[PDB]
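Engineer: Got a structure for you, written out below as structure tokens; questions coming shortly.
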Amino acid sequence: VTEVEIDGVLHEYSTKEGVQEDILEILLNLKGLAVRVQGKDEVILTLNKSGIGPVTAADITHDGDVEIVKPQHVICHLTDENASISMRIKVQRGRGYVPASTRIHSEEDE
Amino acid sequence: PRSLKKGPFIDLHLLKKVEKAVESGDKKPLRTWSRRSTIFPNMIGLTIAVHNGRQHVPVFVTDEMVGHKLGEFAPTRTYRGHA
Amino acid sequence: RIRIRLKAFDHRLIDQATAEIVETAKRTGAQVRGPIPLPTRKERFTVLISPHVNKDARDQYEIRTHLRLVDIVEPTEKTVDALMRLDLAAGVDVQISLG
Amino acid sequence: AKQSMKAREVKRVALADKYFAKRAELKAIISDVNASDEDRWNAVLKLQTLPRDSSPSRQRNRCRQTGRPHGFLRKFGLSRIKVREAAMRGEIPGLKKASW
Amino acid sequence: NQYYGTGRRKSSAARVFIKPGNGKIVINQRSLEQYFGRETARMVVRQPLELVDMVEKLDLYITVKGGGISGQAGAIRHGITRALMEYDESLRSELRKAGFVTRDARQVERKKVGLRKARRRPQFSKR
Amino acid sequence: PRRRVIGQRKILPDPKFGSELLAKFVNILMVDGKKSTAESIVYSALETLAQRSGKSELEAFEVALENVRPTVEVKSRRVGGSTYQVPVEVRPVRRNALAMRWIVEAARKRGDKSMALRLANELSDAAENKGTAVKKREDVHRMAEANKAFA
Amino acid sequence: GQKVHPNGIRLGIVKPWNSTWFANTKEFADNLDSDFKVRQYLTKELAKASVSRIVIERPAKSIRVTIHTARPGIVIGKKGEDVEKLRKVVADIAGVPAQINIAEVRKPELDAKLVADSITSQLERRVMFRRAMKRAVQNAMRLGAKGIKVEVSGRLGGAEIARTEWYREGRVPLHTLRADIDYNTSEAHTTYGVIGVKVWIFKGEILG
RNA sequence: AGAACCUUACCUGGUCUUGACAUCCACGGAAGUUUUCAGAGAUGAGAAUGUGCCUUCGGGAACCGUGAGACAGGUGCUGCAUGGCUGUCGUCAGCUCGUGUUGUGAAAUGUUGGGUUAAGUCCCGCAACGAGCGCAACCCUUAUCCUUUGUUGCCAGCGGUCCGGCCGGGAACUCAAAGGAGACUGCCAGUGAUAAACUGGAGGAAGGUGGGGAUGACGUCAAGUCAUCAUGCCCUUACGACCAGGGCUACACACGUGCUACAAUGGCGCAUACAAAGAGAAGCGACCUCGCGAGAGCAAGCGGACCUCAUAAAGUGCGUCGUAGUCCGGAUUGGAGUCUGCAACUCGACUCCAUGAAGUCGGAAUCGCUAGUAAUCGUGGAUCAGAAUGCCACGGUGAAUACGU
């Protein structure tokens, strides 16, 4: 996971309506994710879910060439039934460790 | 000309007026703009002042005028001569 | 068999789409027919370019609509469904048709 | 074009939208050779009664931006002049200058 | 065994096959005399063969599409030449000399805005 | 033109006799790009002519042509106040063409019914040394003779 | 009206399209109209925000707008407050689900349209047109444009007789198709009349 | 890139005046839905249904109604106030600048000169040295090849046959796109100033910019357009708005651009062959049936390499006419009708039967075209209910001539 895009958010240190984990907790639990793409080298997934209960990794509306190999990876704990969450993840492919500070100016595509 | 299956054309209002006239038995001229209206057998005898664009020109209907339209007997343009 | 009609204005984009579709097909199912190029529609337009008058003054535009016919011979359980989540790049109208 | 003209056009369109079902039916009736003469006559008269702006052959295709009656194109809904501008700007997808 | 050459001229596209035989020409399941009513066309299709004495030696099956008659004939001729080239590869020089190896690239010039035709300008007047 | 002389384009010989000259003649005759009809007409003319004069079809035609070819034509220089027509020796390629053209013109003129027939008649006349083309040729020559002072 | 439009001639090669969607003859005109509307709205809204290029892209009955702007901060406002607001209106305009993206324009002195806009603004607030033009040219050059041209036309300094003046610097090849020529235009609605500003900015040649 | 109505901006009448088109409040009513008489119509008067999103209830946002004004509206004037867009010389090879130098200076030089080129193209020289915009190249298309992928496209070799690629199939060929290769005076000889080049030839599908297109320098014409659009005085119970009818189609005449002719290289009749490129859902409309025909009825196939428009015509073969104002020519007019359309009187197209003008190659003069060009033959498209001989496209056949300046 490289870029996470949640709707109705300002920064990662805010909080959201209807969830348990805070947004830094959500970003950590998304950093632990294990994805296996086949054809492309950069894909965009989608997670949309409402209702009371935990948000597994098995709730992501998969495409054809992406395979999420951990169907019990928890991300959120939605508590309000009127709460919703719609994040759009971006999954690149590389090696080593490239962090946010160096990837703050390295990124060319404005 | 109009198709035979469609019948002849006459404006509804004009027709009504004609009918009224017939009923009355009057011979006062009916001023009309429906130049596109065909003349009918029942219209024979009536004077009907057809518009020519500018003014209503009186047309005493005859037995020979039936198949024709009202605009045929009310010429619009007014050319006398070039000299 | 699933016939797939890709239509787009940009040819490169269309090509990219086609490849992607093939990839999607080939991992899940087996015996993908192939990316068959149909004839391109070159819908031309002439227009007068002056605001008022100059009739010989003209621009002749066109829109090249490209067609790609991809067919899938064996529809399995896994394969057909894979396209639902697998949306293609924008500006490429796809048209799947089984049988 | 004027605003007024545009408004008129819009009105015409609206009328067309409204009266389509009836008008079409009337037309069908008039056509139908296997039908009564009186009925046909009535239909013909009925049609006359309906508003003129209800006809689709009344409404003129104008440019969707400027309302210019002439030089129109159907695919774009725009007059030639505006179409060209759009093309130049990149606003019409796929459209580029053609040579052969 | 059958040898082959593609023919092309104007909007025509001939598919000439050369086989060893007696010298019978079939064009779209019809004889040379049946298909080409014109003598000139016939001549053009026989030209290359005439040039290199193999008229009696080889049969040729043809199918041609597109264009008119003369163009079609030309295409056929071209195809034949190609076939010959493929088959012998030592008759090339003669063909070149003749001017049959050359694909005649003359297409119809497009109509151009302003003009009534490819080059005919409309009638001019100062007044 | 000003800039560059160009090589004359390739002409195919006619299918019947295998002649370049004949082909050229046919082309000249032709109108509206209806070559085939024109060629047929030419053939007809030849056949009739052959029948008339004996010989061959081609040979006879050649002979006919020979009687209408101009040795010398004239051109307008006009260097002075008034125009001076100057004679010039007309080249092999051109002379042949000119004769053919003249013949065609004569045929066109002629009062006989079918085109082919007319052409044949013209050819015959040429062979014999009477007719329209021959007259034209004579006139051309005559003019040249008159203006022989200029050279 | 001599010259061909520099963007328009290059759409197949080095320049891309703004509206990027497919549609059949049925829905195409409507789509175009929608695009025109939304774009118009955006221009109206984000006038004070320096906006260069609106790129519309609609897949699967849902409109994706991409606003190229020099300062995202004023277009975004507070994080997801202004953008969100924009989105619903865009959707309304279209009649479909909307999605607004905002690209940050690096080097607004090299973006031609932006420059033009700036010039227009300057003209409106009664500066010496010439000085503005100079500034435009100079700045671009400083920033690393291979070349720039700008042209302004009509009622310059409120003069009765209209004229055009233009400043070029570096190289601005227009006949060369492979040249990245960012062209754009603007109009200063001054007290004396309109003053049209054209500007060509040559980023460099593309090799492919 | 299409005037019957509409379009329409004009005329005649009939009407409206915060208005047909917007924003704003005030307050009357949910919007809207159906129907009635008068009227040329615009409009002016009636009968049925509904009360949705929310209220410490002075009410609201959509959508009608009325009055006030703020304003709307103007295809009204100025293109000699403008922007934008366009023509034009001219796709002509030119037009400039910086720094240096020359001249009191306007200016010059570069940019001239020797050659050469399609080219201010290139070389060589030289008080110039450099640079930019243009001349070229990059882009599309067309001409040859290769690779990839083969249905709705193809059928070389295989088997079957209703002798139809139609059905097993085959992936060859055509064709279809996508990606590469190829042409650069690169190779050879001569001429040339030890050059740039030129002349020829070899190969090659293509040869010297291969053919065609797009591309239009600085500028010129106070060139065109305020009626596309935008934009810096005038009208605002009317130079604004609605309506019906008429006009834009008038006709002593003059000019422009086209079509069709005057015939036999032809007309007519019967048979019969070979295209390309396009369009199509309020759309293209097979087959079959009826109609002399335009068409009508029924009604599949098809958002389309599949189905439809859709028979290409000139051509070819056989017959006839035999140089006549004709079996040339079709105008004109009468009758009767078909379709579109509320509606074909003014004023549509097409059909049938009749009618059968002028015209026998055109005065002075005057235009186009150098090749797949002209000439000629059909085909399609846009606008478009309908309405092209125009415009924009497509292929068929297919010349003549260029000595030269």
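Scheme for the structure tokens: letters A, B, ... for chains in order shown; per-chain residue numbers from 1; ligand numbers from 1 in order shown.
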Counting only C-alpha atoms (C1' of nucleotides), what is within 10 Å of residue 36 in chain A, bar same-chain residues fewer than 4 positions away, as an MDAnalysis selection string?
Structural biologist: chainID A and resid 65:69 91 93
Engineer: Store the residues picked out above in a file with N, CA and C atoms, as a short mmCIF file (atom, residue, chain, number, x, y, z; two decimals), in the first residue's frame.
Structural biologist:
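Generated file (again_35.cif):
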```cif
data_model
loop_
_atom_site.label_atom_id
_atom_site.label_comp_id
_atom_site.auth_asym_id
_atom_site.auth_seq_id
_atom_site.Cartn_x
_atom_site.Cartn_y
_atom_site.Cartn_z
N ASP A 65 -7.42 -8.99 -11.53
CA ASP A 65 -6.01 -9.36 -11.48
C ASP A 65 -5.37 -9.07 -10.13
N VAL A 66 -6.15 -8.65 -9.14
CA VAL A 66 -5.66 -8.44 -7.78
C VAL A 66 -6.24 -9.54 -6.90
N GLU A 67 -5.43 -10.03 -5.98
CA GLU A 67 -5.82 -11.11 -5.09
C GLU A 67 -5.41 -10.73 -3.68
N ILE A 68 -6.39 -10.56 -2.81
CA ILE A 68 -6.11 -10.24 -1.41
C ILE A 68 -6.07 -11.54 -0.63
N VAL A 69 -4.87 -11.91 -0.17
CA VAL A 69 -4.63 -13.24 0.35
C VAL A 69 -4.86 -13.36 1.85
N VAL A 91 -1.81 0.68 -4.97
CA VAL A 91 -0.85 -0.38 -4.71
C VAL A 91 0.20 -0.36 -5.81
N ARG A 93 4.46 -1.36 -6.85
CA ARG A 93 5.28 -2.56 -6.74
C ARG A 93 6.75 -2.17 -6.84
#
```
Engineer: Name the residues of chain C that fall into strand (DSSP E) according to DSSP on the backbone, using the chain letters and numbers of this document, as a ChimeraX atom specification.
Structural biologist: /C:2-8,32-37,41-48,58-72,92-93,96-98
Engineer: Could you make a table, as JSON lines, of the residues of chain H that have an atom within 7 Å of an atom of chain B, each with its nearest atom pair and distance in Å to one decimal, counting only C-alpha atoms (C1' of nucleotides), in chain and number order?
Structural biologist:
```
{"residue": "H:12", "atom": "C1'", "partner": "B:54", "partner_atom": "CA", "distance": 6.2}
{"residue": "H:246", "atom": "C1'", "partner": "B:53", "partner_atom": "CA", "distance": 5.6}
{"residue": "H:252", "atom": "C1'", "partner": "B:82", "partner_atom": "CA", "distance": 6.5}
{"residue": "H:345", "atom": "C1'", "partner": "B:36", "partner_atom": "CA", "distance": 5.8}
```
Engineer: Within 12 Å of chain D, which residues of chain E are there when counting only C-alpha atoms? Please give them as a PyMOL selection string.
Structural biologist: chain E and resi 108-113
Engineer: Can you spit out the residues from that selection as a PDB file, in the first residue's frame, using C-alpha atoms?
Structural biologist:
```pdb
ATOM      1  CA  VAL E 108      -6.706   8.469 -57.929  1.00  0.00           C
ATOM      2  CA  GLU E 109      -5.860  11.892 -56.518  1.00  0.00           C
ATOM      3  CA  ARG E 110      -8.376  12.975 -53.857  1.00  0.00           C
ATOM      4  CA  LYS E 111     -10.861  15.774 -54.409  1.00  0.00           C
ATOM      5  CA  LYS E 112      -9.729  18.975 -52.717  1.00  0.00           C
ATOM      6  CA  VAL E 113     -11.975  21.611 -51.125  1.00  0.00           C
TER       7      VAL E 113
END
```
Engineer: Write out as a PyMOL selection string the residues lying within 8 Å of residue 107 in chain E, counting only C-alpha atoms (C1' of nucleotides) and excluding same-chain residues fewer than 6 positions away.
Structural biologist: (chain E and resi 10-11) or (chain H and resi 142+372)
Engineer: Within 8 Å of residue 15 in chain F, counting only C-alpha atoms (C1' of nucleotides), which residues show up once you throw out same-chain ones fewer than 4 positions away? Write them as a ChimeraX atom specification, please.
Structural biologist: /E:39-40,43
Engineer: I need the residues in range 16-78 of chain B that are alpha helix (DSSP H) according to DSSP; give them as an MDAnalysis selection string.
Structural biologist: chainID B and resid 16:24
Engineer: Next, write the just-selected residues to a file, as a PDB file, in the first residue's frame, keeping N, CA and C atoms as the atom set.
Structural biologist:
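Produced file result_11.pdb, reproduced below:
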```pdb
ATOM      1  N   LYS B  16     -67.955  26.527 -40.921  1.00  0.00           N
ATOM      2  CA  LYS B  16     -68.986  26.838 -39.930  1.00  0.00           C
ATOM      3  C   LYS B  16     -69.747  28.097 -40.333  1.00  0.00           C
ATOM      4  N   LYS B  17     -68.967  29.099 -40.706  1.00  0.00           N
ATOM      5  CA  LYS B  17     -69.497  30.401 -41.139  1.00  0.00           C
ATOM      6  C   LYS B  17     -70.434  30.217 -42.326  1.00  0.00           C
ATOM      7  N   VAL B  18     -69.960  29.432 -43.277  1.00  0.00           N
ATOM      8  CA  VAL B  18     -70.706  29.124 -44.502  1.00  0.00           C
ATOM      9  C   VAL B  18     -72.047  28.489 -44.158  1.00  0.00           C
ATOM     10  N   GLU B  19     -71.973  27.523 -43.257  1.00  0.00           N
ATOM     11  CA  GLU B  19     -73.151  26.783 -42.782  1.00  0.00           C
ATOM     12  C   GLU B  19     -74.173  27.748 -42.187  1.00  0.00           C
ATOM     13  N   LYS B  20     -73.653  28.635 -41.348  1.00  0.00           N
ATOM     14  CA  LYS B  20     -74.462  29.653 -40.668  1.00  0.00           C
ATOM     15  C   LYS B  20     -75.191  30.515 -41.691  1.00  0.00           C
ATOM     16  N   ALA B  21     -74.427  30.939 -42.682  1.00  0.00           N
ATOM     17  CA  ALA B  21     -74.929  31.781 -43.778  1.00  0.00           C
ATOM     18  C   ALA B  21     -76.082  31.082 -44.490  1.00  0.00           C
ATOM     19  N   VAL B  22     -75.846  29.814 -44.783  1.00  0.00           N
ATOM     20  CA  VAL B  22     -76.826  28.963 -45.470  1.00  0.00           C
ATOM     21  C   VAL B  22     -78.124  28.903 -44.671  1.00  0.00           C
ATOM     22  N   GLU B  23     -77.954  28.684 -43.378  1.00  0.00           N
ATOM     23  CA  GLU B  23     -79.069  28.586 -42.432  1.00  0.00           C
ATOM     24  C   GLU B  23     -79.896  29.878 -42.466  1.00  0.00           C
ATOM     25  N   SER B  24     -79.170  30.983 -42.417  1.00  0.00           N
ATOM     26  CA  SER B  24     -79.798  32.296 -42.374  1.00  0.00           C
ATOM     27  C   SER B  24     -80.577  32.546 -43.654  1.00  0.00           C
TER      28      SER B  24
END
```
Engineer: How many Å lie between CA of residue 101 in chain G and CA of residue 37 in chain G, rounded to one decimal?
Structural biologist: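 So the two atoms, CA of residue 101 in chain G and CA of residue 37 in chain G, lie 17.7 Å apart.
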